[PDB]
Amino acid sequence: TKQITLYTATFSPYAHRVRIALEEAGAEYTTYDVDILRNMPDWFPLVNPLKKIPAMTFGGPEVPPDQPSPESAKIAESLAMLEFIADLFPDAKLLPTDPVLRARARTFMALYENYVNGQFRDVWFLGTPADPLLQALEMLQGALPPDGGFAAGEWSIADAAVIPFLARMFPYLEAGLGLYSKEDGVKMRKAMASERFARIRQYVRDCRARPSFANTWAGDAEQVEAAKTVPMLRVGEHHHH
């Protein structure tokens, strides 16, 4: 019954992680867009002093999201939010109950954060070579149960953590979005279509097919347009070897 407000942006996969979890929770919550990259409201640092999206307020008196109460708890960092939601809504079974399975969920998330996420940001925002990113994705793909299903077996917050980035990768590639080079983009599109990456394609499809995804995605074409407003995605800039 305590209110949940999530500060978001359509383009952001970090915000997207938490929307997905909140859906799978059957939670009652508010979203409120913030143009964090070009025109941050003056009050935002009151919900997140790091000036990053997502941000979350919890509890306090019901207020307009742009008039945040100093009495709500201010919760930062998307993976902290996913664990918080799981904690709040235990009947939703957002993590398994078995600790080894819970540890598969947690291990999967740290593999994404520590070895994959930095390669996405680097290939896309700096044009660094794609090969290490393909290697990190092959490594992450091997963590999945190879006969089907989600990271921990049943769906968990670990699948919320990773799908925003993977589901963005395909339509961004088809749209030539990113600073990497044409050579590397052909290389990425060929690899993500080859058999090497069949398992991960299944995983993207499986996650995409859940309502939590469909209800938090504006559409492939719409998301590409949202991503275009991202400065560092300097439209028509490419870096070479």
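C-alpha atoms forming the largest set that superposes within 1.5 Å between two forms make up the rigid core. Note that residue numbering follows the sequence shown and begins at 1.
*Asks:* Please work out whether 31-39 or 57-65 has the higher root mean square C-alpha deviation in 8 other deposited structures of this protein relative to the shown form, with the rigid core as fitting region?
*Replies:* More C-alpha displacement in 8 other deposited structures of this protein shows up in 31-39.
*Asks:* Return whichever of 11-19 and 224-232 has the greater mean Cα B factor according to the PDB record.
*Replies:* Between 224-232 and 11-19, it is 224-232 that shows the higher mean C-alpha B-factor.
*Asks:* What stretch has the higher average Cα B-factor here, 70-78 or 144-152?
*Replies:* It is 144-152.
*Asks:* Going by the entry, which of 199, 205, 38, 210 has the most elevated CA B factor?
*Replies:* Among 199, 205, 38, 210, the PDB entry lists the largest C-alpha B-factor for 38.
*Asks:* Comparing against every modelled residue in the chain, figure out the third that the C-alpha B-factor of residue 53 lands in (lowest, middle or highest).
*Replies:* It belongs to the lowest third of the chain when residues are ordered by C-alpha B-factor.
*Asks:* State the tercile, meaning the lowest, middle or highest third, of residue 95 with respect to the CA B-factors recorded for its chain.
*Replies:* Highest third - that is where residue 95 ends up once the chain's C-alpha B-factors are sorted.
*Asks:* Residue 193's Cα B-factor: lowest, middle or highest third of the chain?
*Replies:* Residue 193: CA B-factor falls in the highest third of its chain.
*Asks:* Within this chain's modelled residues, let me know which third the CA B factor of residue 124 belongs to: lowest, middle or highest.
*Replies:* Its C-alpha B-factor, which the entry lists for residue 124, ranks in the middle third among residues of this chain.
*Asks:* Would you mind checking where the Cα B-factor of residue 214 ranks among the modelled residues of its chain, as the lowest, middle or highest third?
*Replies:* Highest third - that is where residue 214 ends up once the chain's C-alpha B-factors are sorted.
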